[PDB]
Amino acid sequence: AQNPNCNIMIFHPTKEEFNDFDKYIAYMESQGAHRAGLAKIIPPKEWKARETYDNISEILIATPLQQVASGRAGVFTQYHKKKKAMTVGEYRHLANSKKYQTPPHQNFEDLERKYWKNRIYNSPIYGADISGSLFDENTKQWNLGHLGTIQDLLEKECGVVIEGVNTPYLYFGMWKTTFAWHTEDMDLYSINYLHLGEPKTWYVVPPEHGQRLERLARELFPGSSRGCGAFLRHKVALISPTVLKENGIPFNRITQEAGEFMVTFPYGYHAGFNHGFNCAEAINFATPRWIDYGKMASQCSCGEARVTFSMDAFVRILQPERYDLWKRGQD
Ligand SMILES: O=C(O)CNC(=O)C(=O)O
Ligand SMILES: [Mg+2]
Ligand code: NI
Ligand SMILES: [Zn+2]
């Protein structure tokens, strides 16, 4: 069995290997990359996502989100408070202001320490989930707006044409902006490209051990757990690496830098934080191997999760027994 310890693997495809996305995902899996839940892909040196980032300041962040924490430094939830619209150029200035800028630090490890010690005492503002792309239309390899759609994959595997579209999203971050522990909708893959700026630190639980994280989370967030049997779908809970290690939960960590891709694999729980002002693009995708995960994915039906239009068909076709309850939670 490849990668039996479930370590995060880092890949350096050549330009030739970068031409066929699906083939390279399958290659990574043949080497056991999915067992970690997360992989890094460093593009060939010949590749670029676009020519420059000099002309992005007028992009609008219609609803920046202030991420307010409740709990203790290693075990907390966050809610999102909506803020007034602002442009990327305004957000970038905000991120670099004294209130929000990255502190002095020695290295990624020192900054990690500072994040877990101090995050709860501040409320950073995140421009998340903005539909759009920063890939040049002429970038033909690993362009996250030109991947094969999940609706086409489900049709190719199962024979049923479904409605829905699959487009990318932009994330504009600042120091301490935080992504809570989650798997993807319908336990899909995700791919995330860090276009510019400061790094993103990731934590990940192997898919084979996801239920260990879920059991701990029920213990640590007992009011949330009562409310919903899949409350990690709410995407509000944070647990630090120190607390995970105290509770024997298998996990790994890695820092992504600008110009690097990360892929999250089906049922790979992940969480993390941004080091400073940055912009990432991400999108969900599927492969044949996903289908069995999709059919078994847990679902939130309490109302909290609320998701995209295009999830409906995935539940309806893959999980017909669950669909009526889930749809009620949608409405
Ligand atoms: O970058 C972010 O804030 C969160 N990203 C992801 O969870 C992802 O790409 O799957
Ligand atoms: Mg612009
Ligand atoms: Ni994710
Ligand atoms: Zn729920």
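Residues in the sequence shown are numbered consecutively from 11, following the deposited numbering.
Heads up, the beta-carbon is just placed ideally off N, CA and C, and yes, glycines get one too.
Just mark residue i as buried or exposed, buried being the case when its beta carbon has 16 or more other beta carbons within 10 Å.
| i | result |
| --- | --- |
| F324 | buried |
| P216 | buried |
| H22 | exposed |
| residue 8 | Because residue 8 is not part of the residues shown, which for the chain are 11 to 341, the question remains open. |
| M196 | buried |
| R129 | buried |
| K150 | exposed |
| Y101 | buried |
| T187 | buried |
| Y131 | exposed |
| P14 | exposed |
For residue i versus residue j, is the C-beta distance shorter than 8 Å?
| i | j | result |
| --- | --- | --- |
| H280 | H219 | no |
| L230 | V85 | yes |
| residue 5 | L198 | Residue 5 is absent from the model: the chain starts at 11 and stops at 341. |
| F28 | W57 | yes |
| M38 | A49 | yes |
| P178 | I293 | yes |
| residue 365 | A296 | Examination of residue 365 is not possible in this model, given that the chain is present from 11 through 341 alone. |
| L206 | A268 | yes |
| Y303 | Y277 | yes |
| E167 | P330 | no |
| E194 | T274 | yes |
Please check the pair residue i and residue j, which I expect to be a contact at CB under 8 Å, by giving their CB distance rounded to whole angstroms.
| i | j | result |
| --- | --- | --- |
| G183 | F287 | 7 Å |
| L223 | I259 | 6 Å |
| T211 | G282 | 5 Å |
| residue 425 | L154 | Because the chain is modelled from 11 through 341, residue 425 falls outside the range shown and cannot be assessed. |
| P232 | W152 | Wrong, their Cβ atoms sit about 42 Å apart, outside the cutoff. |
Would you say the beta carbon of residue i comes nearer than 7 Å to a heavy atom of ligand 2?
| i | result |
| --- | --- |
| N128 | no |
| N65 | yes |
| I69 | yes |
Under 7 Å: does the beta carbon of residue i sit that close to some heavy atom of ligand 1?
| i | result |
| --- | --- |
| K50 | no |
| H280 | yes |
| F287 | no |
| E194 | yes |
| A268 | no |
What beta strand (DSSP E) runs, 3 residues minimum, are completely inside the segment 177-218? 179-183, 188-192, 199-207 and 210-215
Any chance you could list the alpha helix (DSSP H) runs of at least 4 consecutive residues sitting entirely within the segment 120-171, in chain order? 160-168
Hey, which unbroken runs of the alpha helix (DSSP H) at 4 residues or more fall wholly within the segment 24-75? 31-40
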